[PDB]
Amino acid sequence: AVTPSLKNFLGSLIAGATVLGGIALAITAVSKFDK
Amino acid sequence: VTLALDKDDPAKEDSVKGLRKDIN
Amino acid sequence: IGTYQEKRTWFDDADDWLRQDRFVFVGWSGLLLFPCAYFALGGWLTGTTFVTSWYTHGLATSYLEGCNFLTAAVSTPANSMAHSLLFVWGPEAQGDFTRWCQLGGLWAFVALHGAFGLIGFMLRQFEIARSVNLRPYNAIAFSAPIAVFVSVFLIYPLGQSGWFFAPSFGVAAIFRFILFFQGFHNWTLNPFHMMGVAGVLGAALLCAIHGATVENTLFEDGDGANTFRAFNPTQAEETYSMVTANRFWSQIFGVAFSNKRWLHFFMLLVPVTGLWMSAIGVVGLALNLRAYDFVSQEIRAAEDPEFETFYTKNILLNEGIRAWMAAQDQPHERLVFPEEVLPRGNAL
Amino acid sequence: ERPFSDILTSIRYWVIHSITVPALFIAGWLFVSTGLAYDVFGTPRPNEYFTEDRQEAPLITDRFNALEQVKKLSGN
Amino acid sequence: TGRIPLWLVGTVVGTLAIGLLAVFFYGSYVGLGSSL
Amino acid sequence: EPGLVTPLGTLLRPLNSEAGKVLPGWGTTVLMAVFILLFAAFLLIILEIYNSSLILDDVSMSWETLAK
Amino acid sequence: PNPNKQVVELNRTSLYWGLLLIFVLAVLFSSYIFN
Amino acid sequence: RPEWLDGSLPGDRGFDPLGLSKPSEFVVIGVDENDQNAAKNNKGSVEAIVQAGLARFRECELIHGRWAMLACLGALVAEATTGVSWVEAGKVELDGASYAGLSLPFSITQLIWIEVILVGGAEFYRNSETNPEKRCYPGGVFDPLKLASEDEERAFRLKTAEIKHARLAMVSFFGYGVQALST
Amino acid sequence: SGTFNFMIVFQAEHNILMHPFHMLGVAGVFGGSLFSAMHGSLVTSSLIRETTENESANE
Amino acid sequence: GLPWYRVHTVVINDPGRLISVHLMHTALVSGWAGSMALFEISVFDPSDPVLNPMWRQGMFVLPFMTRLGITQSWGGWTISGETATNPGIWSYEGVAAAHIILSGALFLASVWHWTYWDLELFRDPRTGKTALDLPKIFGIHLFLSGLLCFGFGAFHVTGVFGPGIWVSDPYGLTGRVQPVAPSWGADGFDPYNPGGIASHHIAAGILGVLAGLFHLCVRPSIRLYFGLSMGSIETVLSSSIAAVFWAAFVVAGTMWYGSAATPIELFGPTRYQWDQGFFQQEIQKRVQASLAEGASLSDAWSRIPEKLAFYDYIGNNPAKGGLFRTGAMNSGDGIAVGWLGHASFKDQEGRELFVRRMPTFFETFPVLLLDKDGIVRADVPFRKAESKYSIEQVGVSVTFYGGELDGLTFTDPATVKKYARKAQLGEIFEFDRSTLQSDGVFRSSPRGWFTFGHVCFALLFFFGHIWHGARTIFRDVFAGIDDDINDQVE
Amino acid sequence: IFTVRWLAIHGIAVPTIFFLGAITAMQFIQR
Ligand code: CLA
Ligand code: CLA
Ligand code: CLA
Ligand code: CLA
Ligand code: CLA
Ligand SMILES: CCCCCCCCCCCCCCCC(=O)OC[C@H](COP(=O)(O)OC[C@@H](O)CO)OC(=O)CCCCCCCCCCCCCCC
Ligand SMILES: CC1=C(/C=C/C(C)=C/C=C/C(C)=C/C=C/C=C(C)/C=C/C=C(C)/C=C/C2=C(C)CCCC2(C)C)C(C)(C)CCC1
Ligand SMILES: CC1=C(\C=C/C(C)=C/C=C/C(C)=C/C=C/C=C(C)/C=C/C=C(C)/C=C/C2=C(C)CCCC2(C)C)C(C)(C)CCC1
C-alpha cells in the first residue's frame with residue numbers, strides 16, 4: 001500500500017511544483033505586463 | 001541472563017538492534 | 001536573432017528580462033542562486049540565533065541560549081539520523097517545523113541550499129562572462145571552493161557514520177571539526193593538506209607580493225603624493241614598471257616573473273591547485289584512509305623505548321585528543337571513561 | 001535615477017524609516033520577550049533543559065521514531 | 001536630496017551602531033552567557 | 001582533394017550525412033523537459049529509498065533483502 | 001600530409017617548474033612511500 | 001484532421017495524435033571552424049533552409065504486420081495441433097526437434113546457421129530495390145494470382161485488405177506480449 | 001612534524017583558535033587566497049587576443 | 001608551438017585520428033585488465049576461501065570477474081572451495097588472455113586509423129570538409145548501448161543464456177553465482193535485491209533502444225543546437241565527463257554503502273556493518289537460538305561458522321586503514337588461521353562482562369568491560385597508582401567457547417588483559433606474522449580502495465566537466481577577448 | 001516602490017532589524 005512517507009513525498013513533488021512554478025510564474029508575469 | 005539487545009548495547013551501542021524501537 | 005529570423009516565443013521574453021543590465025544582475029542562474037543563497041544565509045542567521053542544539057548534540061548553540069558569535073552554530077543532526085536528508089516532510093520531521101529545528105534538520109536546510117547556492121553562483125559567473133564576452137576563468141577558480149565545500153560538508157559525512165561528523169556552521173563549531181581531524185585523522189600529517197597549506201599560504205604570499213610590487217614600481221603619472229589619483233582605467237599603457245619589477249626581484253630573490261600574463265595565471269593557479277589537492281585528502285579521510293602512521297617509526301619506537309621524535313610526540317597528543325573529547329564529542333556512543341583509563345602525563 | 005546618496009539625504013526616506021524601522025525593532029524585541037521564540041523554534045527556556053526524568057543531556061538514538069521521542073525528551 | 005546632511009546621517013547611524021555593539025558587549029557580561 | 005573511399009566507408013556513409021541539419025524552432029524541447037523532469041522525479045525515488053527517506057512497505061531496504 | 005600537425009614547445013622556465021614539481025612531490029610523498 | 005495524408009493510400013484516415021509522418025522543414029547549420037592556427041573560432045551560422053518519409057513509413061508497417069500475421073496465425077495452431085504453449089517452444093525444441101509431432105534431425109546450433117543464411121539473405125534482397133511502391137508492393141512470384149492487374153487508386157479497395165489484418169495482428173501479438181511474462 | 005607539535009601544544013596552552021588576532025590572520029590568508037584567485041582570474045579572463053589557439057596566451 | 005598540456009588537441013579537427021586515439025586508450029585499458037588479472041592470479045592463494053578470501057588478499061579485479069560468473073581457474077581451484085572439473089575457456093586466465101588478445105587487436109586497429117585518417121566517411125557531402133553528425137552519432141551509440149544493456153540483463157544476468165551474477169545470503173556465508181529473476185514491483189528498487197539489477201537492464205535496455213531510435217531519426221531543434229553547441233566535438237566531451245563523474249559517485253557510493261552489485265564475499269564487509277553491529281547481532285541471534293532450545297555454551301558457540309565470526313572483526317572493516325598502508329589486508333595483521341574462540345568475561349562476583357568494542361574512528365581505544373546493564377566494571381587503567389576498576393582487583397577471568405581455545409579458562413591478570421585488548425577488535429583470531437612479514441597495523445579492503453579512487457576520480461572529473469564545458473561556451477574567446485569590448489558598462 | 005533593487009535591500013535589511021531587536025532583548029534575559 002501507500003505509506004505516510006510516500007504520502008508526504010508525493011505531496012512534496014506537488015509542493016515542489018507550486019514553488020518552482022510560482023518562481024517561473026513570477027518571471028513570466030513581470031516579462032509580459034511589466035507590473 | 002542477557003538478552004541479545006543488552007549484549008550489543010554494552011559492546012557497541014551503535015547497534016541496529018539497539019537504535020531502532022528505542023522509544024521505551 | 002539566430003540569423004534566420006524566427007518569431008520570439010515566451011523564452012525570449014524571459015531571457016531578456018533576466019539578462020537585464022539593472023542594479024543587481026539576476027540572469028537565468030538567479031532563479032537558482034537567489035532563492036538558495038538567501039535561505040542558506042537566512043537559515044544560518046536563524047539557526048545561530050534561535051535554533052537549539054540541545055537534542056542533536058547535548059549542547060547550547062544559539063544566542064537565545066547564551067552563546068555569542070564565536071560559539072553559536074547551526075549544528076549537525078544526531079548520529080541516529082545517519083545520512084537522512086531531514087526534509088521537513090521527511091519520515092523523521094513529518095511536517096512539524098518546531099521539531100525539525102530540534103532534530104537538526106535546519107543544518108541540512110543550510111547545507112543543501114548552500115550547495116545549490118554554490119552551483120547557482122558558479123553558473124552566475126559563467127552567465128555574466130558570456131554576456132560580457134570574457135573568458136571563463138573566474139568560474140574555474142571557484143571550482144576550488146566548491147571542491148572544498150563538497151568534499152568536507154557533503155562527501156566527508158557520506159563516508160562516515162552520518163551527518164553528525166559534518167562541520168557545524170559556526171565559528172567554534174568549525175574549530176572542533178578542525179581539532180577532530182587532528183586528534184582522529186592526524187590531518188596535518190596528510191600530504192594533501194600539506195599541498196593545501198602551500199597553496200593557501202602561498203597564494204597569500206602572491207597576493208601580498210604582487211600587490212606590493214605593483215604599488216612600489218608605479219610610474220610617476222601625477223604630481224601629488226596621492227599616487228591613487230594618477231590612474232584612469234581607460235589608459236592604454238601599464239601603470240607600473242614591469243621592467244623595474246623584474247630587475248628588482250631578479251636581484252633580491254634571484255628569480256622573477258618576466259611575463260605579466262603568466263604572473264596573473266600563477267596567482268590563479270596556486271590557490272586552486274592547493275584546494276583541489278586538499279579536497280582529495282578530505283575524500284581520503286571520509287573512508288578513514290588516513291596518513292596517520294609511519295609504520296617504520298612505530299616499529300622502531302615500540303622496539304626501542306628511548307627513540308623519541310616529534311612524530312611520536314604528535315601520536316601521543318592525538319591519543320590525548322581522542323580520549324578526552326569523545327565522551328562529549330560523540331554522545332551517541334554513550335561511552336563513559338573512568339578518569340584512570342584516560343591517558344595522562346606527569347602531574348597534569 | 002536615485003544613486004544611493006539622494007535617498008539617504010532625503011527627508012522622505014526618514015519620514016518612513018523613523019517609523020517602520022523602530023516598529024520592526026520592537027517587533028523583534030517582542031518576538032523573544034513574549035517567549036514566542038522559545039515556542040516557534042523549540043529552543044528550551046533556562047528552566048527547561050532538565051526535567052525530573054533525566055538530569056543529563058538528551059540523546060536522540062532512534063531514527064524513524066525521533067518525532068515522538070524528542071517530545072518525551074523535552075518533557076513537552 | 002540633500003535635505004539632511006550625509007555626514008550627520010553617517011555620524012548618528014554610526015553612533016547607535018557603535019551603541020548597539022556596546023549593548024552586545026554589555027550583555028556578554030550579564031545575564032545569559034555571563035558565566036555567573 | 002577527395003578522401004579515401006572504402007567499402008565500409010560507403011556502407012556507413014549515409015549515417016555521417018546530415019551533419020548540421022536541424023528542425024526549426026523548439027521542436028521536441030518541451031517533450032524533452034517532460035522527460036527530464038520525470039527522470040528528475042525518478043532519481044528522487046531511488047535516492048530516498050536508498051536513504052530510507054521515502055519508505056515503501058514492500059521493500060526491506062537492508063542486507064536482509066538477500067534472505068527473501 | 002595531415003594539416004593538423006602541431007609542435008610542442010617547452011621553454012626553460014617551464015623546464016624549471018616541471019623539474020621542481022616532480023622533485024618537490026618526491027620530497028613530499030616519498031616519506032610516505034618508504035613509510 | 002491532418003492534411004499531409006489521405007490520398008493514394010489504403011488507410012486513408014488521419015489517426016495521428018502526434019504526426020509521426022509529418023513532413024517537416026529543415027535548416028542547415030554550417031560546420032564550426034576547429035583550426036588552431038586561426039586566432040578565433042566561430043560557432044557556425046544558419047546557411048540553408050531546406051523544404052521537405054511517408055513512403056518509408058508505409059513499408060515499415062507492412063513488414064511488421066506481415067511478420068505478425070505469420071506470428072499470430074502460427075501461435076494459435078501450434079498450441080492447438082501440438083499441444084504446447086507458444087512461449088514454451090525453444091525450451092522443448094532444444095531438447096527434441098519436432099513439427100506437428102514429427103521428429104526433425106537438426107541440432108539447435110545448425111538453426112542459427114540455417115536461419116541467418118536463408119532468412120538473412122532474403123532480407124538482404126528485399127532492400128535491394130529502389131522504388132518505394134515496388135518496395136511496399138513487389139511483383140513477380142509474390143503475386144501468383146495477379147493483384148497488380150486490379151486497380152486500387154480509385155474507391156476500389158483491393159489492396160486495403162491486408163493492412164487492417166496487419167494492424168490487429170500486431171495488437172493481438174502485443175496482447176501475447178502482455179500475457180506471456182505477466183499472466 | 002616539529003612545527004605540528006608546536007601548533008598542537010600552542011592551542012592547548014593558549015587557545016590560539018579563539019584568539020581574534022589568529023582569526024584575523026586566517027582572514028588574511030583566506031582572503032589573500034581568495035584575492036589571489038580573484039585578481040588572478042579577472043586579469044586572465046580579460047587578456048587581449050594576441051595569439052592563436054595553437055600557442056599559449058602567455059606568448 | 002603548443003604547450004605540453006595542449007598536445008592532444010591535434011585530434012579535435014580530424015575524426016580518423018580520433019578513432020585511432022580512442023582505440024589506443026581502449027587497448028591500454030583492456031591491456032591493463034588482462035595484465036592485472038594475470039598479476040592477481042599469480043599471487044592469489046585459493047587455499048582457504050573461508051578465512052583468507054579474495055578481498056582479504058588484496059585482489060582488486062578478481063572480485064569483478066567473480067561477480068559476473070567466472071568462478072573457476074586453470075589451476076583446478078574455484079572460489080566456493082572445490083575443484084573445477086571443466087574450467088572451460090572462460091576461466092580467470094582465459095579472460096586475462098582474452099583482454100590481452102583484444103589489447104593487441106585494438107593496437108593494430110589504432111595503427112590503421114592513424115595512417116588511414118583521411119577517410120571519405122568523415123567528410124560530409126557537398127561541403128567536403130571533415131564533419132560529424134553528432135545527434136545521429138549519439139543515436140547510433142545509444143542504440144547499441146541499450147541493445148547491450150538489454151542483452152546483459154535478459155540473457156547474462158537472468159541466466160536465460162548467460163551464467164548469472166553473484167547472489168549471497170544476508171550474512172555472507174552461502175554465496176554462489178546463480179541466475180536471478182527480474183523483479184518488477186517496488187522491490188526492484190531495493191538495491192540489495194539482485195532481481196532489481198536484471199529488471200533494471202531489461203527496462204533501461206528497452207528504453208535505451210527506444211531513445212536510440214529517437215535520436216537516429218528526429219533531428220534536434222535549432223535553438224537547442226546553438227544553446228548546447230552541438231556542432232562541436234567538445235560539447236559531447238563536457239557532457240560525457242559530466243556523465244562519468246555522476247556514474248562514479250553512484251558506483252563508489254554503492255561500493256561503500258554496499259549493494260547487491262557489491263557482495264561482501266567478494267569485496268568484504270562494509271564499515272556500516274561493524275558500526276551497526278550487523279554480524280554481532282546474528283552471532284548472538286544464533287547462540288540464543290541454541291541456549292533457548294537447550295544446549296551448553298561451548299556446544300552452542302561451536303555451531304557458529306568460522307566465516308561468520310571473521311566478518312565480526314575490526315580488521316576486515318574497510319575504514320580501518322591508511323592511505324599509505326599499502327597492500328593486502330593480510331599484510332597488516334597476518335593471514336587468519338583459525339578462530340580462537342569467544343572470550344567471555346566474568347568477575348569475582350559471578351557477573352558477566354562485555355568489552356566495549358573499538359569504534360571505527362579510534363586508532364587506539366581504552367579497553368572497558370561493561371556489565372549487562374551497561375555500566376563499566378573493569379578496565380585496563382592508565383594510572384595504576386590508586387585504581388578502582390583494575391582487572392587485578394575486580395578479578396576478571398576469561399573463558400572461551402568454541403574455536404581453538406574451547407573450554408579453556410585464563411585467570412592470569414597479564415593474560416586476561418591481552419585477550420581483553422583483542423576482544424575490542426572483534427572476535428578472537430590467530431594469525432601468522434611470519435608468512436608475509438606483517439606490519440601489525442590494519443589495511444583497507446578493496447571495497448575501501450575502489451571507493452577512494454572513484455571519488456577522487458569523480459571529483460577531478462567535476463573539474464574536467466567545468467573546464468570542457470567552459471571551452472565550448474567560450475570557444476570564440478579562448479585565445480583572448482576582442483579589443484572593442486567596452487560596451488558592457490554604463 | 002517594488003523593484004529589483006528594492007527587493008534586494010529589504011530582503012536583507014528587514015530581517016536584519018528584526019533579529020537585531022531579538023538579539024538586543026536576549027542581552028537582558030537574565031535567566
Ligand atoms: C565485449 C567484450 C568484453 C567482454 C565480454 C568483457 C568482459 C569483462 N571485462 Mg572487459 N573490457 C573490454 C571488453 C570486454 N570485457 C574492453 C574493450 C575494455 C577496454 C575498455 C575492457 C576493460 C576492462 C577492465 C578495465 C575491466 C574489465 C573487466 C571485465 C569483467 C567484468 C566486467 C564488469 O564488471 O564491468 C562492469 C561494467 C559496467 C558497470 C558497465 C558500465 C557502463 C555504464 C553503467 C553505462 C553508462 C553509459 C550508458 C551508455 C548509459 C545509457 C544507458 C541506456 C539509456 C542505453 C568481464 C570478464 C573487469 C575485470 O575483472 O577484468 C579483469 C575490469 O576491471 N574489462
Ligand atoms: C522497473 C524497472 C527498473 C528497475 C527495477 C530498476 C532498478 C534500479 N535502477 Mg534503473 N532505470 C530504469 C528501470 C528500472 N531500474 C529505467 C527505465 C531507467 C531509465 C533509462 C533507469 C535508469 C536508472 C539510473 C540512471 C540509475 C538506476 C538505478 C537503479 C537502482 C536503484 C537503486 C540503487 O542502486 O540506488 C543507487 C542509486 C542512487 C541512489 C541514485 C541517486 C543519484 C545521486 C543523487 C547521484 C549523486 C552524484 C551527484 C553528482 C551528487 C554530488 C556528489 C555528492 C557527494 C554531493 C536499481 C538497480 C541507479 C543505479 O544503478 O544505482 C547503482 C541509477 O543510478 N536506474
Ligand atoms: C582505481 C584504480 C585502482 C584501485 C582501487 C586499485 C586497488 C588496489 N590495488 Mg591496484 N593497480 C591499479 C589500479 C588500481 N588498483 C593500476 C592502474 C595498476 C598498475 C600500475 C595497479 C597495480 C597494482 C599492483 C601491482 C598491486 C596493486 C594493489 C592494490 C591493492 C592495494 C592498494 C594500495 O596499496 O594502494 C596504494 C595507494 C597509495 C600509495 C595512495 C596513492 C595516492 C597518490 C596516487 C600517490 C601519488 C602522489 C605522488 C605524485 C607520487 C610520487 C611519489 C613517488 C615516491 C612514487 C588494492 C586492492 C596491490 C595488491 O594488494 O595486490 C594484491 C599490488 O601489489 N595494484
Ligand atoms: C574523458 C576525459 C578527458 C578527455 C578526453 C580530455 C581531453 C582533453 N583535455 Mg581535459 N581534463 C579532464 C578530462 C579529460 N580531458 C579532467 C578530468 C581534467 C581535470 C584535471 C581536465 C583538465 C584539462 C585542462 C586544464 C586542460 C585539458 C585539455 C585537454 C585537451 C588536451 C589534453 C592534453 O594534451 O593533455 C596532455 C597531457 C600530458 C602531456 C601529460 C598529462 C599527464 C598527467 C599527469 C596524467 C598522467 C597520465 C595517467 C597515466 C593516466 C591516468 C588518467 C586517469 C583518468 C585514468 C584534450 C581535448 C587542455 C585543453 O583544453 O587544451 C586547450 C587543457 O588546458 N583538460
Ligand atoms: C557547480 C556545479 C556545476 C556547474 C557550474 C556546471 C556548469 C555547467 N554545466 Mg554541468 N553538471 C553538474 C554541475 C555543474 N555544471 C552536475 C552535478 C551534473 C550532473 C552530473 C551536470 C551535468 C551537465 C550536463 C549533462 C551538461 C552540463 C552543462 C553545463 C554547462 C551549461 C550550464 C548548465 O546547463 O548547467 C547545468 C545546470 C545545473 C547544474 C543546474 C541544475 C540545478 C537544479 C535546479 C537542482 C535540482 C536538484 C533538486 C532540486 C534537489 C533534490 C536532490 C537533493 C535531495 C540532493 C556549464 C559549463 C552542459 C554543457 O556542457 O553544455 C555545453 C551539459 O551538456 N552539466
Ligand atoms: C640572496 C637570497 C638568494 C635567493 C633566495 C632563494 C632563491 C630561491 C629561488 C627558487 C626559484 C625556483 C624557480 C623554479 C621555476 C622557475 O625557474 O621560475 C621562473 C619564472 C619565470 O617566469 P616568466 O614569467 O619569466 O615565464 C615566462 C614563460 O611562462 C612564458 O612567457 O619565475 C617565476 O615564476 C617566479 C616564481 C618563483 C617561485 C619560487 C618558488 C619557491 C621556491 C621553490 C621551492 C623550493 C623548495 C626547496 C626545498 C629544499
Ligand atoms: C601485439 C600483439 C600482442 C600483444 C599484446 C600485448 C602484450 C599487450 C600488452 C598490453 C599491456 C601490458 C598493457 C599494460 C597497460 C598498463 C597500463 C595502461 C597501466 C597504467 C597505469 C596507470 C594509468 C596508473 C595510474 C596511477 C598512477 C600514476 C599511480 C597510482 C594512481 C593511478 C592509478 C591514478 C599479441 C602477442 C597478444 C598478439 C596480438 C598483437
Ligand atoms: C530559515 C528558514 C526559513 C525562514 C526564515 C528566513 C529565511 C529568515 C531569514 C532571516 C535573515 C536573513 C536574517 C538576517 C539577520 C541578520 C543579522 C542578525 C545581522 C546582524 C548584524 C550584526 C549584529 C552586525 C553588527 C555590526 C558589525 C559586526 C559590523 C557593522 C557594525 C555593527 C556593530 C552593527 C524558511 C521559511 C525559508 C524555511 C525554513 C527555514
# chains A, B, ... in the order shown; residues from 1 in each chain; ligands from 1
call {"tool": "residues_around", "arguments": {"residues": "residue 362 of chain J", "least_positions_apart": "4", "cutoff": "12 Å", "atoms": "only C-alpha atoms", "output": "PyMOL selection string"}}
result
(chain C and resi 180-181+183-186+288+290+292+318-323+326+330) or (chain J and resi 314+319-321+357-358+366-367+424-425)
call {"tool": "residues_near_ligand", "arguments": {"ligand": "ligand 8", "cutoff": "7 Å", "atoms": "only C-alpha atoms and all ligand atoms", "output": "list in words"}}
result
residues 38, 39, 41, 42, 43, 45, 46, 106 and 109 of chain C; 17, 18, 20 and 21 of chain E; 12, 15, 16, 19 and 20 of chain K
call {"tool": "residues_around", "arguments": {"residues": "residue 24 of chain F", "least_positions_apart": "6", "cutoff": "8 Å", "atoms": "only C-alpha atoms", "output": "PyMOL selection string"}}
result
(chain H and resi 25-27) or (chain J and resi 221-223)
call {"tool": "interface_residues", "arguments": {"of": "chain F", "to": "chain H", "cutoff": "12 Å", "atoms": "only C-alpha atoms", "output": "ChimeraX atom specification"}}
result
/F:17-25,27-28,31
call {"tool": "write_last_selection", "arguments": {"atoms": "N, CA, C and O atoms", "output": "PDB file, in the first residue's frame"}}
result
ATOM      1  N   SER F  17      25.930  11.758 -42.798  1.00  0.00           N
ATOM      2  CA  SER F  17      25.494  12.520 -43.962  1.00  0.00           C
ATOM      3  C   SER F  17      24.860  13.849 -43.583  1.00  0.00           C
ATOM      4  O   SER F  17      25.296  14.894 -44.072  1.00  0.00           O
ATOM      5  N   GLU F  18      23.845  13.844 -42.726  1.00  0.00           N
ATOM      6  CA  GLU F  18      23.063  15.053 -42.476  1.00  0.00           C
ATOM      7  C   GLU F  18      23.570  15.834 -41.264  1.00  0.00           C
ATOM      8  O   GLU F  18      22.820  16.263 -40.391  1.00  0.00           O
ATOM      9  N   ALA F  19      24.878  16.081 -41.253  1.00  0.00           N
ATOM     10  CA  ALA F  19      25.513  16.860 -40.200  1.00  0.00           C
ATOM     11  C   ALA F  19      25.186  18.334 -40.386  1.00  0.00           C
ATOM     12  O   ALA F  19      25.388  18.889 -41.471  1.00  0.00           O
ATOM     13  N   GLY F  20      24.683  18.968 -39.331  1.00  0.00           N
ATOM     14  CA  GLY F  20      24.325  20.366 -39.375  1.00  0.00           C
ATOM     15  C   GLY F  20      22.866  20.645 -39.648  1.00  0.00           C
ATOM     16  O   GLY F  20      22.469  21.815 -39.648  1.00  0.00           O
ATOM     17  N   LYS F  21      22.056  19.617 -39.874  1.00  0.00           N
ATOM     18  CA  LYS F  21      20.654  19.789 -40.224  1.00  0.00           C
ATOM     19  C   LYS F  21      19.796  19.690 -38.973  1.00  0.00           C
ATOM     20  O   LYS F  21      19.944  18.750 -38.190  1.00  0.00           O
ATOM     21  N   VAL F  22      18.913  20.671 -38.774  1.00  0.00           N
ATOM     22  CA  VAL F  22      18.105  20.771 -37.565  1.00  0.00           C
ATOM     23  C   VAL F  22      16.673  21.169 -37.883  1.00  0.00           C
ATOM     24  O   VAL F  22      16.378  21.755 -38.924  1.00  0.00           O
ATOM     25  N   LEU F  23      15.784  20.834 -36.955  1.00  0.00           N
ATOM     26  CA  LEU F  23      14.418  21.320 -37.007  1.00  0.00           C
ATOM     27  C   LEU F  23      14.384  22.802 -36.651  1.00  0.00           C
ATOM     28  O   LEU F  23      15.168  23.257 -35.814  1.00  0.00           O
ATOM     29  N   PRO F  24      13.502  23.582 -37.264  1.00  0.00           N
ATOM     30  CA  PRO F  24      13.366  24.983 -36.868  1.00  0.00           C
ATOM     31  C   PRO F  24      12.513  25.129 -35.620  1.00  0.00           C
ATOM     32  O   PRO F  24      11.656  24.298 -35.316  1.00  0.00           O
ATOM     33  N   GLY F  25      12.772  26.205 -34.886  1.00  0.00           N
ATOM     34  CA  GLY F  25      12.024  26.490 -33.682  1.00  0.00           C
ATOM     35  C   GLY F  25      12.502  25.716 -32.475  1.00  0.00           C
ATOM     36  O   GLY F  25      13.705  25.534 -32.274  1.00  0.00           O
ATOM     37  N   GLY F  27      10.994  22.528 -31.627  1.00  0.00           N
ATOM     38  CA  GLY F  27      10.884  21.111 -31.916  1.00  0.00           C
ATOM     39  C   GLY F  27      10.309  20.267 -30.795  1.00  0.00           C
ATOM     40  O   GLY F  27       9.160  20.452 -30.385  1.00  0.00           O
ATOM     41  N   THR F  28      11.119  19.346 -30.278  1.00  0.00           N
ATOM     42  CA  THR F  28      10.720  18.461 -29.192  1.00  0.00           C
ATOM     43  C   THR F  28      11.405  18.823 -27.879  1.00  0.00           C
ATOM     44  O   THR F  28      11.691  17.946 -27.064  1.00  0.00           O
ATOM     45  N   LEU F  31       8.861  18.426 -25.144  1.00  0.00           N
ATOM     46  CA  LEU F  31       8.782  16.989 -24.916  1.00  0.00           C
ATOM     47  C   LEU F  31       9.967  16.491 -24.102  1.00  0.00           C
ATOM     48  O   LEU F  31       9.817  15.597 -23.261  1.00  0.00           O
TER      49      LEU F  31
END
call {"tool": "select_by_dssp", "arguments": {"residues": "segment 22-116 of chain C", "states": "alpha helix (DSSP H)", "output": "ChimeraX atom specification"}}
result
/C:33-47,97-100,105-116
call {"tool": "write_last_selection", "arguments": {"atoms": "N, CA and C atoms", "output": "CSV table (one decimal), in the first residue's frame"}}
result
chain,number,residue,atom,x,y,z
C,33,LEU,N,20.3,30.8,-7.7
C,33,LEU,CA,21.2,31.3,-6.7
C,33,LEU,C,20.4,32.1,-5.6
C,34,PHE,N,19.6,33.1,-6.0
C,34,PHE,CA,18.9,34.0,-5.1
C,34,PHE,C,17.8,33.3,-4.2
C,35,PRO,N,17.1,32.3,-4.6
C,35,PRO,CA,16.4,31.6,-3.6
C,35,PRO,C,17.2,30.7,-2.7
C,36,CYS,N,18.2,30.0,-3.2
C,36,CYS,CA,19.0,29.1,-2.4
C,36,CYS,C,20.0,29.9,-1.5
C,37,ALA,N,20.7,30.9,-2.0
C,37,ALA,CA,21.7,31.6,-1.2
C,37,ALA,C,21.0,32.5,-0.2
C,38,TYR,N,19.8,32.9,-0.4
C,38,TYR,CA,19.1,33.7,0.7
C,38,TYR,C,18.6,32.8,1.8
C,39,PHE,N,18.4,31.5,1.5
C,39,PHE,CA,18.0,30.6,2.5
C,39,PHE,C,19.1,29.9,3.2
C,40,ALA,N,20.3,29.8,2.6
C,40,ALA,CA,21.5,29.4,3.4
C,40,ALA,C,21.9,30.4,4.4
C,41,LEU,N,22.0,31.7,3.9
C,41,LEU,CA,22.3,32.8,4.8
C,41,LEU,C,21.1,33.0,5.8
C,42,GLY,N,19.9,32.9,5.3
C,42,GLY,CA,18.8,33.0,6.2
C,42,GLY,C,18.6,31.9,7.2
C,43,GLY,N,19.0,30.7,6.7
C,43,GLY,CA,19.0,29.5,7.6
C,43,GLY,C,20.1,29.6,8.7
C,44,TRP,N,21.2,30.1,8.3
C,44,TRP,CA,22.3,30.2,9.2
C,44,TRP,C,22.1,31.3,10.2
C,45,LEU,N,21.6,32.4,9.8
C,45,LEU,CA,21.3,33.5,10.8
C,45,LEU,C,20.1,33.2,11.7
C,46,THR,N,19.2,32.4,11.2
C,46,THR,CA,18.1,32.0,12.1
C,46,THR,C,18.6,30.9,13.1
C,47,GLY,N,19.4,29.9,12.6
C,47,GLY,CA,19.8,28.8,13.4
C,47,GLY,C,20.8,29.2,14.5
C,97,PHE,N,7.5,21.9,12.1
C,97,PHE,CA,8.7,22.7,12.0
C,97,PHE,C,9.5,22.9,13.3
C,98,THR,N,8.8,22.9,14.4
C,98,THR,CA,9.5,23.1,15.7
C,98,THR,C,10.2,21.9,16.2
C,99,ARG,N,10.0,20.7,15.6
C,99,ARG,CA,10.7,19.6,15.9
C,99,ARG,C,11.8,19.3,14.8
C,100,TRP,N,11.6,19.8,13.6
C,100,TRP,CA,12.6,19.8,12.6
C,100,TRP,C,13.8,20.6,13.0
C,105,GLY,N,17.4,19.4,11.6
C,105,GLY,CA,17.1,19.4,10.1
C,105,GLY,C,17.4,20.7,9.5
C,106,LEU,N,17.5,21.8,10.3
C,106,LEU,CA,17.9,23.1,9.8
C,106,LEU,C,19.4,23.1,9.4
C,107,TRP,N,20.2,22.2,9.8
C,107,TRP,CA,21.5,22.0,9.3
C,107,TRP,C,21.5,21.7,7.8
C,108,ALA,N,20.7,20.6,7.5
C,108,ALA,CA,20.7,20.2,6.1
C,108,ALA,C,19.9,21.1,5.2
C,109,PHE,N,19.1,22.0,5.8
C,109,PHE,CA,18.5,23.1,5.1
C,109,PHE,C,19.6,24.0,4.6
C,110,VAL,N,20.5,24.4,5.5
C,110,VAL,CA,21.6,25.3,5.1
C,110,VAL,C,22.6,24.6,4.2
C,111,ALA,N,22.9,23.3,4.4
C,111,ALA,CA,23.9,22.6,3.7
C,111,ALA,C,23.5,22.3,2.3
C,112,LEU,N,22.2,22.0,2.0
C,112,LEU,CA,21.7,21.7,0.7
C,112,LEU,C,21.4,23.0,-0.1
C,113,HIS,N,20.8,24.0,0.5
C,113,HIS,CA,20.6,25.2,-0.2
C,113,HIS,C,21.9,26.0,-0.3
C,114,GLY,N,22.9,25.8,0.5
C,114,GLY,CA,24.2,26.3,0.3
C,114,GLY,C,24.9,25.6,-0.8
C,115,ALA,N,24.7,24.3,-1.0
C,115,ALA,CA,25.4,23.5,-2.0
C,115,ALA,C,24.8,23.9,-3.4
C,116,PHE,N,23.5,24.0,-3.5
C,116,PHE,CA,22.9,24.5,-4.7
C,116,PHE,C,23.0,26.0,-4.9
call {"tool": "residues_around", "arguments": {"residues": "residue 17 of chain I", "least_positions_apart": "4", "cutoff": "10 Å", "atoms": "only C-alpha atoms", "output": "PyMOL selection string"}}
result
(chain C and resi 171-172+175-176+178-179) or (chain I and resi 10-12+21-23+26)
call {"tool": "residues_near_ligand", "arguments": {"ligand": "ligand 6", "cutoff": "7 Å", "atoms": "only C-alpha atoms and all ligand atoms", "output": "number ranges by chain"}}
result
C: 252-260, 262-263; G: 11, 13-14, 16-17, 20, 24; I: 58-59
